[PDB]
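Please read the structure below before turning to the comments.
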Amino acid sequence: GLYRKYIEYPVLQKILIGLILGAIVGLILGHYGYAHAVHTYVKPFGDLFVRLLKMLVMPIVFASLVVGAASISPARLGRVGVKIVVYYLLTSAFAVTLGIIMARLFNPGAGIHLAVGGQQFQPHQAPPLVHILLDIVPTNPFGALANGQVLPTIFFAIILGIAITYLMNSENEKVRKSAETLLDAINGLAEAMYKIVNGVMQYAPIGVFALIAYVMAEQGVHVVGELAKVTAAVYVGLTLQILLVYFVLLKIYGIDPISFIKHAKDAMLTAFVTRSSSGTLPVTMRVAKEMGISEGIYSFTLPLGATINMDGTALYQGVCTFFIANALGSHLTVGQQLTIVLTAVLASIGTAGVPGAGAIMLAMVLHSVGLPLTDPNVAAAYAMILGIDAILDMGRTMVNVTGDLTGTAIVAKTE
Amino acid sequence: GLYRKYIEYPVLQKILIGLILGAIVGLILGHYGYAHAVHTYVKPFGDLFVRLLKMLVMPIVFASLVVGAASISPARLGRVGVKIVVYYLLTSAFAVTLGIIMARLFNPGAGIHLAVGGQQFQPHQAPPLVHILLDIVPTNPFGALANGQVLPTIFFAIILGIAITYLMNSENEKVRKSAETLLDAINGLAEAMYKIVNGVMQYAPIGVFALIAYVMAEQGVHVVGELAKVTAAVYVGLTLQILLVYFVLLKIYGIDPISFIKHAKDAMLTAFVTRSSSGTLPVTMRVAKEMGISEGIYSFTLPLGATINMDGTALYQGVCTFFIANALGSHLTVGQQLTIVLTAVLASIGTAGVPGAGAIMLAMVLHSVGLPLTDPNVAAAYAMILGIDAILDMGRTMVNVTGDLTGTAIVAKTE
Amino acid sequence: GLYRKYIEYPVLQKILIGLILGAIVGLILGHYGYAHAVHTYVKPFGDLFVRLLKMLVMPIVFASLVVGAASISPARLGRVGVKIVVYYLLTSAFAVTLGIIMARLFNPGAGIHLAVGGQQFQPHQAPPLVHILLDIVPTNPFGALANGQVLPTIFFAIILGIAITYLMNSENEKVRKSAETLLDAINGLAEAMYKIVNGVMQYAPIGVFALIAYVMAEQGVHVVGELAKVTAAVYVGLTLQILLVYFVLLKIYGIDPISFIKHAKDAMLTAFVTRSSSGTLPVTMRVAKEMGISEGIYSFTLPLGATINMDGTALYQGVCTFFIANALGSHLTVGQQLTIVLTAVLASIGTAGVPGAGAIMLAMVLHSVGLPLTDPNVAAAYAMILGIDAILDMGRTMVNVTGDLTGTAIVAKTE
C-alpha cells in the first residue's frame, strides 16, 4: 500500500522534496558536529545512486550511437559535428568571460591569513595535443569499451553505424539480413537501457536526499565568511550565464525557453545533485529523446559534449584564478585576461580524454598567468578554496549539462 | 576405432576409473619420491581441464540469467532471493556448528613440536561491509564482465532481463522486434555454452586423473600421523553434514535424496576434483537444467550461491579453529563457540566479492576468538595445517557445491 | 571537385605515389638535419593510420572466425591446422637457412670500433613452454578480447563456432532461431568490419607517405658504410626467399604466382609500410576474401599465422647472429648453424603469446650459440645494428605477411 503510494507519486515532486529536506537536514547536522556520523551512515545511499547511474553510461553511448548513425553520413554528421564544436568553443569563451566579469564586480579576497600547510605536489601537466587528438581512434574497441573512454567509443560507434548504413543497401540478400539482425539487436540494447534509466530515476529521490545531505553537512558549515563571496560570485555568474546566454540563444533560434526548462528539469536536477557530468549522460539522453529530437543529432552531440564542453568549470576557473590573484594582492595586468580566456578554451579542447581533467585545467590556467601552483602562497589559497569545492561543483555541473542540452536543441532546430 | 570406443563409453564410468587410478598412482608415486616429476609432467593436463571449465563461467552466467529473468519480476525473484539467502545463512550456521561438534568429539592436537619457521605476514582484513555491499552494483558492466565479478554480473544481468521483460510488452511494434532479437541472440549464446560444457565433461576424465594424481602425490604422504585426525574429523563432518542436513531437508520437502544424488553425481565429482566452487558453475547449471528446474530459480540461486554459500569452508574453519586452540593447549571457554558460529556466518556474508576470501575468513574467525594470526605459535600450527590443505579442500568444495544444488532444489520445489 | 578527384583515383596508384615521394622527401630531409621537425610534424599522420588499422583487428578476428567455423569440424579444421603448422615450421626453417647462407656469402662485419656505451639489461627470457601452450585457453573470453590476445580469441571463436554449428541442427525450433539470430548478428559485425577496412585503405596513401618519410628521414642517413652490407644482405635474402620459396611452392601446387602477387599487392605494401604483421591482419583477410578462398581456411590460417609464422624475423635473426659473430672475430664453428636453425624454429614456436617476442627471440638465438647479450662487445655491436632496425623491419614484415598469404593459398588449393 505505502510502496504503491510511493511509486505512483510523481517523480519531480519527490525529487524536490528530497532536495529540500536534504539541504535542511544537512545544514542542521553540520551545525551540530555530526559530520562523521552522516558521512558513514547516509552517504552510501547516494554512492549507490551514483553507481546506478554510472552503470548505464557505456552501453547506452555505444548502442544509441550505432543506431543513431542511421542518418545521411556526409551531409548530416559533418555539419552537426562542426556546428556543435563551434558552439562549444563559443560558449566556453563566453562563460569564462562572464566569470572574469563577475569576479571583477565582486571583491573576492581581502585577508591574508595563509600558513604553508599542505601544498600541491606540482600537478602533472597535460599530454601533448597530438597524443590527445590521437587518443580518439582506439587501438582496441573492446578495450575502449572496457574502461571508460567515451571518445574512442564515440568514434568506433560512429564508424560501425556508417558501415551498417552502407551495408543494408547492398545487392546481396544475406548480408542485408545479417546487418538488419545486428542493428535490431543493438537497438534492443539501447531501448533496454532507457527502460532501466526510467526505474533509476524512480529510485533517485533517496539518493538526492542522501547526497545533498552529506554535501551540506560536511562543507555547508565552512561556507560563511570570506568564502561566501566566492560562492555568491560563482552562483550569480552561473545563473546569469544561463539567463543571459542560453535564453538569448533559444530566443534567437525560435524555441520557448520556459518549455525547454520544463523538459530539462530532470537532467538539470540530476546533474545538480550527482556532481558528475558524465554520470548523468543517460538522464540527458532520455530527456533529449523525450524532447522530440532525432537520434542522429542528440546521440552524437551529448556524449561528445559531456567530455569537451565544460562551461561551469570554465566560469569556476575564471573566478578561482581571480581569487588567487586577489589573495596575493596583485594588480592582474588589465588586458591579460585575454590569456585567461584563451587558455581556458584551449585547456578544454586540449584535455579531452585525460581523466582528472579539471585539476590540471585549473593548473595550466593558473600557470599561464604567472601564478604557478608550486608557490606556497597560491597553494595555501587554493587549499582554502578547496574546502568548499562541492558547493561550487554542484552548480557548475548543472550548468555543464544544461550547456549540452541547449546546444543539442540549437543544432536540432537548425537541421 | 579406439577413439570411437573412448567417446561412446559412458562418462561417469570413465570419470570413476580416472578417479580411482589417479588416487592409486598418486599414492604410489608419492610414496617413492617422484613428486617433482609428476608435478611437471601430469599436472598440466589437470590445469588445462580447470581452465577449460573456467572459460565458460562468465558467458553462461550472463546469458542464462538475462534469459533466466523472463519470469514474473516482483513475485518470483524477490521471494526466491530472500528464501535462498535465509537458506544459505541457516545451513552455514548448521555446518559450522556440526564442525565444532565433530572437532569436540575427536581430540585433534596433542603434541607441541612447533618451531617458528615461516609465519603469516598479518593477513589483510576484510573491507568494510558498506563497500562490499556497494560492490554489487557495477560502475561498468563491460568492466564487470571483463575480469571476474560474478556478483556485479548477476546484478546487471537481472536488471537487463527485467528491462527486456518490460520491453517485450510495449505497444510499439519495432521495439518488440528489437527486444525479441536481443533475447534470442543471448539465448543462443547460453545454449552454445551448454553445448560446449557437454564436450568439456566428455574430456573431463583425463583432467580428473591428472588432478587427483598430483594431489595424492604431493600431499598424500604428509597425511599420516597427527594430521590424520584432522583429515578424519573434516571428512566425517562433511559426510555427516550431507547425510544429516541435506537428506533431512529433502525428506522434509518431499523429494527423494537418492534420485537427487543420481542426478547431481556429475557436479559433485567435478567439484570434488576441480577444487574450485566457482569453476564448476557450468556443470552445476547443466545438472540443474537436466533436473527439471525452471530458469528463473536455478539461474539465480546457483551463481549467487557460488560466491556466498560456503558450507564446507565453514566446517573446515570450525575444525581448524578448534585445532589451533588445542595446539596451544587452551580450554576454549565453553560457550564462546557462539562467537565462532556467528563470525563464521558474518564472515561468509561480509566477504562476498573479495578475492582470496577463505584465508581472511579463517583469519577473522581466529581473530574473534583470541588467537590472532600474528602470534608465532598459531602461525606455526597453521603452517602445519597448510601442508594438507588440498585433501580437505577437495571434500569441502564438494560440500560447498552440493549445498547450492540442494538449496536450488528446495526453492524450486517450494515455488 | 578535388576531393572527388582524389577519391575516384585508383588506390594502388596513389599508394605507390605516396611511397615514392615519401622515400624521396625522407632521404632529402634526413640529409639536411631536419629530423626532429619531420618527426614532430609528419609522423602523427602515420601513427593515425596505424591506429586506424589496429582498431579493426580484434572484432574482425572474432567475428569472421565465429562465422568462419561454419565448416565441417572434424574433417576440415584439423587437417587445415596440422597442414598450416607443418608449413609454418618448414618455411621458418628454410628462411633461417637461407639467411645463414646469405650472411655467409657476404662478409658483414670487418671493423672493430666498439665502445661500451649503453648495453642491454639482460633481456628477460621466455616463459616455460607449458605456460605458453596453456595461454591458448583463456581464463576469461571477454578478458581475452579486452586487451590483445589473438590466440585465446582464436580458440574461443573456434569453440563458439563449432558449438553454433552443432546447435543449428537440433530438433528444437526455438534453439534453431536463437542460433540463426546470433550467427547473423556476428556475420553482420564481420561484414561491417570489411566495409570499414575498405575506407581505411582509401585513407592509406597519406599514412604511407608519412610513415616512410619518417623512416627514411631518421634512419635513412645511418645506413651508408658498413651497415649497408647488412641491409643489402637482409634485403637480398628476403627477395630470394620470396622468389625461391614461395614461387616454387605456388608453381608446385599449380597456381600462377604473378596473379597471386597481383592480388596480394595491397596487403604486401600495407605490411611493408605499417611495420606490424598483426596490424595488417584486416588487409590480409580482405585480400584473402577477394582471392576466392572459403572462410574456414583463410579465417583460421591468417590470425594464427600472424602470431607464429615469422619468416623475415627468422632471416633477420640469422643475419644478425652471423653479424654479431663476425664483429667479435669468431670462426663460428661450421656445423653449429644447425643449432641456430633449430633454435630459430623453436623460438618461434615457443614465444607465441608473449608480447615483445622478437627481442627475446633474438636474445635466446644469440644465447644458444655462445654469445649471450650480457657481454659488452655483443651489446655494443647489437646497439650498432639497432640504429637501422626500421629499414630491415619494413622488408621483414612484408615477407612475414606474404608467408601467411602463400600458406593460406596452398592449404586452400589443397583442400
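Order determines the names: the first chain of the C-alpha cells is A, the second B, and so forth; residues in each chain are numbered 1 upward, and ligands are numbered 1 upward as they are shown.
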Can you tell me which residues surround residue 197 in chain B at a distance of at most 8 Å, considering only C-alpha atoms, apart from same-chain residues fewer than 2 positions away, and format the answer as a ChimeraX atom specification? /B:53,56,193-195,199-201,282-283
File of the preceding selection, N, CA and C atoms, as a PDB file, in the first residue's frame:
ATOM      1  N   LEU B  53      37.146 -25.407 -17.888  1.00  0.00           N
ATOM      2  CA  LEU B  53      35.888 -25.197 -17.181  1.00  0.00           C
ATOM      3  C   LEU B  53      35.740 -23.770 -16.671  1.00  0.00           C
ATOM      4  N   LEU B  56      34.053 -21.092 -19.490  1.00  0.00           N
ATOM      5  CA  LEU B  56      32.622 -20.971 -19.719  1.00  0.00           C
ATOM      6  C   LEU B  56      31.872 -20.328 -18.570  1.00  0.00           C
ATOM      7  N   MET B 193      26.854 -22.286 -24.892  1.00  0.00           N
ATOM      8  CA  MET B 193      27.696 -22.583 -23.733  1.00  0.00           C
ATOM      9  C   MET B 193      27.379 -23.953 -23.132  1.00  0.00           C
ATOM     10  N   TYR B 194      26.099 -24.331 -23.105  1.00  0.00           N
ATOM     11  CA  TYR B 194      25.758 -25.668 -22.610  1.00  0.00           C
ATOM     12  C   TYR B 194      26.248 -26.759 -23.562  1.00  0.00           C
ATOM     13  N   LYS B 195      26.175 -26.506 -24.872  1.00  0.00           N
ATOM     14  CA  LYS B 195      26.702 -27.472 -25.830  1.00  0.00           C
ATOM     15  C   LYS B 195      28.221 -27.590 -25.736  1.00  0.00           C
ATOM     16  N   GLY B 199      30.911 -31.203 -24.153  1.00  0.00           N
ATOM     17  CA  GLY B 199      32.183 -31.734 -24.619  1.00  0.00           C
ATOM     18  C   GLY B 199      33.305 -31.585 -23.613  1.00  0.00           C
ATOM     19  N   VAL B 200      33.232 -30.558 -22.769  1.00  0.00           N
ATOM     20  CA  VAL B 200      34.228 -30.403 -21.709  1.00  0.00           C
ATOM     21  C   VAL B 200      34.094 -31.528 -20.689  1.00  0.00           C
ATOM     22  N   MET B 201      32.854 -31.880 -20.333  1.00  0.00           N
ATOM     23  CA  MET B 201      32.645 -33.044 -19.479  1.00  0.00           C
ATOM     24  C   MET B 201      32.981 -34.350 -20.183  1.00  0.00           C
ATOM     25  N   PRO B 282      29.418 -24.055 -14.556  1.00  0.00           N
ATOM     26  CA  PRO B 282      28.699 -24.580 -15.730  1.00  0.00           C
ATOM     27  C   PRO B 282      28.195 -26.001 -15.561  1.00  0.00           C
ATOM     28  N   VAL B 283      28.944 -26.860 -14.869  1.00  0.00           N
ATOM     29  CA  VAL B 283      28.469 -28.215 -14.616  1.00  0.00           C
ATOM     30  C   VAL B 283      27.293 -28.197 -13.648  1.00  0.00           C
TER      31      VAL B 283
END
Given a cut-off of 9 Å, which residues of chain A touch chain B, counting only C-alpha atoms, written out as a PyMOL selection string? chain A and resi 40+44+47-48+50-59+142+145-148+181-189+191-196
What does the distance from CA of residue 387 in chain A to CA of residue 324 in chain A come to in Å, to one decimal?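 Taking CA of residue 387 in chain A as the start and CA of residue 324 in chain A as the end point, the length is 14.6 Å.
For the pair CA of residue 285 in chain C and CA of residue 88 in chain C, the separation is 17.8 Å.
When only C-alpha atoms are used to measure the gap to residue 384 in chain A, the shortest distance among A:16, A:82, A:223, A:29 belongs to A:223.
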Determine the nearest neighbour of residue 322 in chain C from the options C:97, C:351, C:408, C:259, counting only C-alpha atoms.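 For residue 322 in chain C, the nearest of the candidates is C:97.
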Might you pull out every residue within 7 Å of range 240-254 of chain C, with only C-alpha atoms counted and same-chain residues fewer than 4 positions away left off, and present them as a PyMOL selection string? chain C and resi 95+236+406+410
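Residue nearest residue 275 in chain C within the list C:215, C:70, C:105, C:378: C:215 [criterion: smallest interatomic distance, only C-alpha atoms].
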For residue 375 in chain A: contacts at 10 Å, only C-alpha atoms, fewer than 3 positions along chain excluded, given as a list in words: residues 116, 119, 120, 122, 371, 372, 378, 379 and 380 of chain A
Output file for the residues above (C-alpha atoms, as a CSV table (one decimal), in the first residue's frame):
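This is the output file selection_1.csv:
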chain,number,residue,atom,x,y,z
A,116,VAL,CA,52.0,27.0,4.3
A,119,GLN,CA,50.7,22.2,-0.7
A,120,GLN,CA,50.1,20.7,-4.2
A,122,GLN,CA,53.4,20.1,-8.8
A,371,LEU,CA,51.0,32.2,-10.5
A,372,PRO,CA,52.2,28.6,-10.9
A,378,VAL,CA,48.9,30.2,-4.2
A,379,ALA,CA,48.9,26.6,-2.8
A,380,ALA,CA,47.6,27.8,0.5
Identify, with DSSP run on backbone atoms, the residues in range 66-312 of chain C assigned to helix (DSSP H, G or I), and express the list as a PyMOL selection string. chain C and resi 66+73-105+129-134+141-146+150-167+175-218+227-252+257-274+281-289+295-305+311-312
At a cut-off of 8 Å, using only C-alpha atoms, what residues contact residue 309 in chain B? Leave out same-chain residues fewer than 5 positions from it and give the result as a PyMOL selection string. chain B and resi 88-89+92+348+400+403-404
Go ahead and save the residues from that selection, with N, CA, C and O atoms, as an mmCIF file, in the first residue's frame.
data_model
loop_
_atom_site.group_PDB
_atom_site.id
_atom_site.type_symbol
_atom_site.label_atom_id
_atom_site.label_comp_id
_atom_site.auth_asym_id
_atom_site.auth_seq_id
_atom_site.Cartn_x
_atom_site.Cartn_y
_atom_site.Cartn_z
ATOM 1 N N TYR B 88 20.875 -20.064 2.947
ATOM 2 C CA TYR B 88 22.333 -20.084 2.955
ATOM 3 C C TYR B 88 22.879 -19.747 4.330
ATOM 4 O O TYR B 88 23.816 -20.398 4.816
ATOM 5 N N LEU B 89 22.268 -18.762 4.995
ATOM 6 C CA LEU B 89 22.706 -18.409 6.341
ATOM 7 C C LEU B 89 22.422 -19.537 7.329
ATOM 8 O O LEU B 89 23.268 -19.853 8.182
ATOM 9 N N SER B 92 24.875 -22.465 6.684
ATOM 10 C CA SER B 92 26.227 -22.119 7.121
ATOM 11 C C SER B 92 26.351 -22.197 8.639
ATOM 12 O O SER B 92 27.363 -22.691 9.162
ATOM 13 N N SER B 348 31.130 -15.081 6.054
ATOM 14 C CA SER B 348 30.637 -15.509 4.752
ATOM 15 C C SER B 348 29.779 -14.430 4.117
ATOM 16 O O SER B 348 29.807 -14.243 2.896
ATOM 17 N N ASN B 400 30.496 -27.664 -0.636
ATOM 18 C CA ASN B 400 30.126 -26.296 -0.984
ATOM 19 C C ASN B 400 29.244 -26.235 -2.223
ATOM 20 O O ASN B 400 28.358 -25.386 -2.295
ATOM 21 N N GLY B 403 25.646 -28.026 -1.449
ATOM 22 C CA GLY B 403 24.758 -27.095 -0.768
ATOM 23 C C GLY B 403 23.954 -26.231 -1.721
ATOM 24 O O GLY B 403 22.756 -26.010 -1.515
ATOM 25 N N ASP B 404 24.596 -25.756 -2.795
ATOM 26 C CA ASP B 404 23.902 -24.924 -3.771
ATOM 27 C C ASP B 404 22.845 -25.717 -4.508
ATOM 28 O O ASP B 404 21.736 -25.223 -4.750
#
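In this model, the gap between CA of residue 212 in chain A and CA of residue 198 in chain A comes to 21.5 Å.
Around residue 357 in chain A, within 10 Å and counting only C-alpha atoms, the residues found are residues 125, 126, 307, 347, 348, 350, 351, 352, 353, 354, 360, 361, 362 and 363 of chain A, once anything fewer than 3 positions away on its own chain is removed.
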Show me, as a PyMOL selection string, the residues that have an atom within 9 Å of residue 272 in chain C when counting only C-alpha atoms, minus same-chain residues fewer than 5 positions from it. chain C and resi 267+393-399+401
Given only C-alpha atoms as the basis, pick out the residue of C:78, C:279, C:99, C:1 nearest to residue 238 in chain C.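 With only C-alpha atoms as the atom set, the closest residue is C:99.
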